[PDB]
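Engineer:
There are 2 protein chains.
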Amino acid sequence: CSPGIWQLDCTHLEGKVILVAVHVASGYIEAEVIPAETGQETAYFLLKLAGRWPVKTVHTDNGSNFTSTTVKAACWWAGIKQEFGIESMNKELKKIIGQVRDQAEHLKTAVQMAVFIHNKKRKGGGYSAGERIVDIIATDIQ
Amino acid sequence: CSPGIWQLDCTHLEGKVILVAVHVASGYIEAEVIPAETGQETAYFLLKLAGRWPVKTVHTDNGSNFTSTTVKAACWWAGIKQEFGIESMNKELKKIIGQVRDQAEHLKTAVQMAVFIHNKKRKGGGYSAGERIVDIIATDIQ
Ligand SMILES: Cc1nc2ccccc2c(-c2ccc3c(c2)CCCO3)c1[C@H](OC(C)(C)C)C(=O)O
Ligand SMILES: Cc1nc2ccccc2c(-c2ccc3c(c2)CCCO3)c1[C@H](OC(C)(C)C)C(=O)O
Numbered sequence: 056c057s058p059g060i061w062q063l064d065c066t067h068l069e070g071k072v073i074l075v076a077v078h079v080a081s082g083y084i085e086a087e088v089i090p091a092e093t094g095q096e097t098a099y100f101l102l103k104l105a106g107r108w109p110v111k112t113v114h115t116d117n118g119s120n121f122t123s124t125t126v127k128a129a130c131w132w133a134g135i136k137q138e139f140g141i152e153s154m155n156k157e158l159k160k161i162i163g164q165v166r167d168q169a170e171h172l173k174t175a176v177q178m179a180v181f182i183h184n185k186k187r188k189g190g193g194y195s196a197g198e199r200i201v202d203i204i205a206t207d208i209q
Numbered sequence: 056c057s058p059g060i061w062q063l064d065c066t067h068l069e070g071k072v073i074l075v076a077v078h079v080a081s082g083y084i085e086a087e088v089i090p091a092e093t094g095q096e097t098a099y100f101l102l103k104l105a106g107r108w109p110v111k112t113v114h115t116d117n118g119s120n121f122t123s124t125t126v127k128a129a130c131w132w133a134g135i136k137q138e139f140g141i152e153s154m155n156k157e158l159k160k161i162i163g164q165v166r167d168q169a170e171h172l173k174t175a176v177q178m179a180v181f182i183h184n185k186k187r188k189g190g193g194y195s196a197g198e199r200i201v202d203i204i205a206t207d208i209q
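Chains A and A' are the protein sequences, given in the same order. A prime marks a further copy of an entry chain. Positions 56 to 141, 152 to 190, 193 to 209 (the entry's author numbering) are the ones given, in order, by the first sequence. Positions 56 to 141, 152 to 190, 193 to 209 (the entry's author numbering) are the ones given, in order, by the second sequence.
In structure tokens form, the structure reads like this:
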């Protein structure tokens, strides 16, 4: 799968909104709890994501997520295109969030604990998602 | 320089607070505009950072940044130690922020544009910071 492809969705938990990005090739995730499910929050999240990784295309399971002018501006500026030509991790990450939830006060804190647990887990049968993304991208540079 | 070492500081711009993390070995940056210069914001930022990269030690130019129990809890949970045994990028990133500032409404938007510009720049004399971090970490896995 192309190293430049990401998937972005929002899930809902405890009346809050979790924006989840998945690097499709590796299974690596990054997430944030956002104060509203809005184009502006999506646009801002995409700018951060694009500054870190070489983001070429983004897919989502809710196409209307990407109609706002604010999202279109962020994909224009960062040189991102929509991927139409294509988990849920939102289940497995939700599973981890449930497992750690009582260990933190704020949902956002549990989310980041779950991201960390997910990305560091050896998928032995055996590198972790965090190891795979770095390998996939580094290899693609060369 | 060790691949696990990061530097974290806050700068101030327009009465807001910018938390800046630098991966010392590569020059890669990540940043966020935070609503207050507080231990809780620092702790939360460290949890996100640690879920993405293999963070072993963190340095800062203001040691009192790391005294709060909330920061100590985040370094405990994520397995991070303080680096005492050690730019400013906060100048060069501030320079880029100034260069793009009028192109965005919100300071936070300009910050992320400046992060993106910084990380993608070929340092030809020639890989970018974003390319170096991924190479440094991938190589260290192997
Ligand atoms: C509100 C809060 N108050 C505290 C008071 C004293 C000590 C720790 C905390 C923590 C905390 C910090 C790191 C951490 C975990 C919890 C749980 C394990 C991972 O590391 C939080 C957390 O909130 C912030 C992260 C925003 C500070 C939380 O939601 O519980
Ligand atoms: C508030 C705001 N309103 C808009 C209305 C219409 C079109 C775009 C925007 C943008 C925007 C989006 C992406 C982007 C840039 C600006 C500037 C170039 C990089 O990409 C913003 C920005 O704010 C958010 C990012 C939170 C939406 C901003 O601060 O200007």
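Each residue gets a CB set at the ideal place from its N, CA and C atoms; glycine is no exception.
State yes or no: is the C-beta of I161 of chain A within less than 9 Å of the C-beta of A128 of chain A?
Structural biologist: Residue mapping note: residue 161 of chain A aligns to position 96 of the first sequence, counting from 1. Residue mapping note: residue 128 of chain A aligns to position 73 of the first sequence, counting from 1. It is not a contact, given that the beta carbons lie outside the stated cut-off.
Engineer: Output, in chain order, the set of chain A' residues within a Cβ distance shorter than 7 Å of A133 of chain A.
Structural biologist: In the first sequence, the residue the question calls residue 133 of chain A occupies position 78. Going along chain A' in sequence order, the residues near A133 of chain A (Cβ under 7 Å) are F181.
Engineer: With DSSP as the reference, identify every bridge partner of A86 of chain A', one or two as the case may be.
Structural biologist: In the second sequence, counting from the first residue as 1, residue 86 of chain A' sits at position 31. DSSP, once it has assigned bridges, lists A':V75 as partnering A86 of chain A'.
Engineer: So which residues on chain A' does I204 of chain A lean against when the C-beta distance must stay under 7 Å?
Structural biologist: Walking along the first sequence from the start, residue 204 of chain A turns up at place 137. Per Cβ cutoff of 7 Å: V201.
Engineer: Could you check whether the segment 66-76 of chain A touches the segment 161-175 of chain A, counting it as contact only if at least three pairs of C-beta atoms, one from each stretch, sit closer than 8 Å?
Structural biologist: Yes, since at least three Cβ pairs between the segment 66-76 of chain A and the segment 161-175 of chain A fall closer than 8 Å, the two stretches touch.
Engineer: To which residues of the same chain is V126 of chain A closer than 8 Å at the C-beta, ignoring the five residues directly before and after it?
Structural biologist: On the first sequence, residue 126 of chain A is found 71 positions in, with the first residue counted as 1. Contacts found: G94, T97, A98, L101, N120.
Engineer: List the residues that DSSP assigns as beta-bridge partners of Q62 of chain A'.
Structural biologist: Numbered from 1 along the second sequence, position 7 holds the residue referred to as residue 62 of chain A'. In the DSSP output, where bridge partners are listed per residue, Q62 of chain A' has A':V77, A':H114.
Engineer: Going by DSSP, what residues sit across from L68 of chain A' in a beta bridge?
Structural biologist: Numbered from its first residue, the second sequence carries residue 68 of chain A' at position 13. Answer by DSSP bridge pairing, in chain order: A':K71.
Engineer: List, in chain order, every chain A' residue whose beta-carbon is nearer than 7 Å to that of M154 of chain A.
Structural biologist: Taking the first residue of the first sequence as position 1, residue 154 of chain A is located at position 89. Under the 7 Å cutoff, chain A' gives no residues; its nearest Cβ is about 14 Å from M154 of chain A.
Engineer: How many angstroms separate the CA atom of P58 of chain A' from the CA atom of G82 of chain A'?
Structural biologist: By one-based count along the second sequence, residue 58 of chain A' stands at place 3. By one-based count along the second sequence, residue 82 of chain A' stands at place 27. For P58 of chain A' and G82 of chain A', the distance between alpha carbons rounds to 11 Å.
Engineer: How close, in whole Å, do the beta carbons of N155 of chain A and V79 of chain A come, if the pair is a contact with beta carbons under 8 Å?
Structural biologist: To locate residue 155 of chain A, count along the first sequence from 1; it is residue 90. To locate residue 79 of chain A, count along the first sequence from 1; it is residue 24. Contact flag wrong, Cβ pair sits at about 14 Å.
Engineer: Are the beta-carbon atoms belonging to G134 of chain A' and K111 of chain A' less than 9 Å from one another?
Structural biologist: What you label residue 134 of chain A' is simply residue 79 of the second sequence in a count that begins at 1. What you label residue 111 of chain A' is simply residue 56 of the second sequence in a count that begins at 1. Yes, the Cβ-Cβ distance between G134 of chain A' and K111 of chain A' is below 9 Å.
Engineer: Using a Cβ-Cβ distance under 9 Å, would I208 of chain A count as near chain A'?
Structural biologist: In the first sequence, residue 208 of chain A corresponds to position 141, counting from 1. At least one chain A' Cβ lies under 9 Å of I208 of chain A.
Engineer: Which stretch, first to last residue, makes up the alpha helix (DSSP H) that contains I162 of chain A?
Structural biologist: Taking the first residue of the first sequence as position 1, residue 162 of chain A is located at position 97. It spans 154-165 - the alpha helix (DSSP H) in which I162 of chain A sits, taken as one unbroken run.
Engineer: Under 6 Å Cβ to Cβ from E198 of chain A, same chain only, skipping five residues before and after it: list those, please.
Structural biologist: The residue labelled residue 198 of chain A in the question sits at position 131 within the first sequence. Taken in chain order, the list of residues that qualify is empty.
Engineer: For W108 of chain A' and chain A, any beta-carbon pair shorter than 9 Å?
Structural biologist: Position 53 of the second sequence, counting from 1, holds the residue named residue 108 of chain A'. Output row for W108 of chain A': interface = yes.
Engineer: Restricting to Cα atoms, I'd like to know which of A:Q177, A:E92, A:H183, A:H171 is closest to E157 of chain A.
Structural biologist: Here residue 157 of chain A corresponds to residue number 92 of the first sequence, with the count starting at 1. For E157 of chain A, the nearest C-alpha among the options comes from A:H183.
Engineer: Determine whether the beta carbon atoms of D202 of chain A and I208 of chain A' lie at a separation below 9 Å.
Structural biologist: Your numbering for residue 202 of chain A matches position 135 in the first sequence. Your numbering for residue 208 of chain A' matches position 141 in the second sequence. Yes, the Cβ-Cβ distance between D202 of chain A and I208 of chain A' is below 9 Å.
Engineer: Tell me whether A76 of chain A, by its Cβ, gets closer than 8 Å to a heavy atom of ligand 4.
Structural biologist: Although ligand 4 was asked about, the structure shown includes only ligand 1 and ligand 2 as ligands.
Engineer: Determine, for residue 143 of chain A, whether the minimum Cβ-Cβ distance to residues of chain A' falls below 9 Å.
Structural biologist: No atoms are given for residue 143 of chain A, which sits in the stretch of chain A between 141 and 152 that the model skips.
Engineer: Going along chain A', which residues have a C-beta under 8 Å from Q177 of chain A?
Structural biologist: Working through the first sequence from its first residue, we reach residue 177 of chain A at position 112. Neighbours of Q177 of chain A on chain A', chain order: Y99, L102, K103, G106.
Engineer: Does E85 of chain A have its Cβ less than 9 Å from a Cβ in chain A'?
Structural biologist: Locating residue 85 of chain A in the first sequence gives position 30, where the first residue counts as 1. So yes, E85 of chain A belongs to the interface.
Engineer: Any heavy atom of ligand 1 closer than 8 Å to the beta-carbon of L104 of chain A'?
Structural biologist: Along the second sequence, read from residue 1 onward, the residue named residue 104 of chain A' stands at position 49. For ligand 1, not one heavy atom lies less than 8 Å from the Cβ of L104 of chain A'.
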